[PDB]
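Below you will find one chain, with nothing else, as structure tokens; this is the form deposited in one PDB entry, and questions on how it binds or moves follow later.
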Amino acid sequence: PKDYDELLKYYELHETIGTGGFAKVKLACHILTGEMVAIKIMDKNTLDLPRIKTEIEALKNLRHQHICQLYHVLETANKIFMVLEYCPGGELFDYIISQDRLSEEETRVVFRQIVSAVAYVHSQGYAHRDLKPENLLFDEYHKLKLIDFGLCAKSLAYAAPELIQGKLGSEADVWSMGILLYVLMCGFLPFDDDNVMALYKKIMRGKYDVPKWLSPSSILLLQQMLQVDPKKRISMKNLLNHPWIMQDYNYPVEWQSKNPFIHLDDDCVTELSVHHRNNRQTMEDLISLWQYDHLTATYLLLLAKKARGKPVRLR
């Protein structure tokens, strides 16, 4: 109750919109902007504590069009709150359930965004190591956003044989994306079993069912991504411009950030200094501290307004 006092200053909390084992996420409204945000809540006491320093510091160093944006971090005696970009389209998994499976054309659209995000994550020196439809969300634009960076440093169905054997984090994400590709185009996992060691065994053998509806080029790509030997596996580089990926596009995956923090935004800075009745130069400095506090939150949520073609205005 007193743990939520600091948060409730800045946000109107709505329902729990989801709950994994490690954290609960609530929908909320940022009071100063009216912007919807997802707030991941973690109990420090009943927790795996390294998992959230991993995620927060990863998110501070990752700014990308298909990575879920962090805004505000609040730590209390008993809680850690992470205010994040709200993605109303929900999990990719649920879209794959409602449609039985995606067509090759629709899969490619979706998959190029995943390859974009993961390729960027690798460019910054990280490896996600937990890639699956549950960890990809559709934003308001029906564009994908990658989430849950708790295992990415410098699921077993999606885990690569080397990663389970504990021997190469970049090649393991390629494997996981192979499983993801398969799920998108088939509607089920290529390796699956109710017994965890039997699933393990299937993964090591590398043999899977190849449904009739798949094209020969899809099957080739799956065969290249799901090599048990990571040396034989296709690298991230040649994934970006693979003939299958290029189909209907004819350019490689644009993996670079289209929203890199170059300088600041003057329209956001002015509205803050105007709304708070502060010296403009002083407002430029406190934003530039980048503490991921309520001020950082307000600035970043005003960029979000600009990014969606809306006026940068507080109330």
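Sequential numbering from 1, following the sequence displayed. Note that the rigid core is defined as the largest set of C-alphas that superpose within 1.5 Å between two forms.
If you look for the form deposited in another entry, you will not find it shown, but the lines that follow are about it.
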{"property": "Rigid core superposition, residue 62 Cα moves 2 angstroms or more between this form and the one not shown", "result": "no"}
{"property": "Is_shifted residue 227 between this form and the one not shown (CA, 2 Å cut-off, rigid core)", "result": "no"}
{"property": "Is_shifted residue 281 between this form and the one not shown (CA, 2 Å cut-off, rigid core)", "result": "yes"}
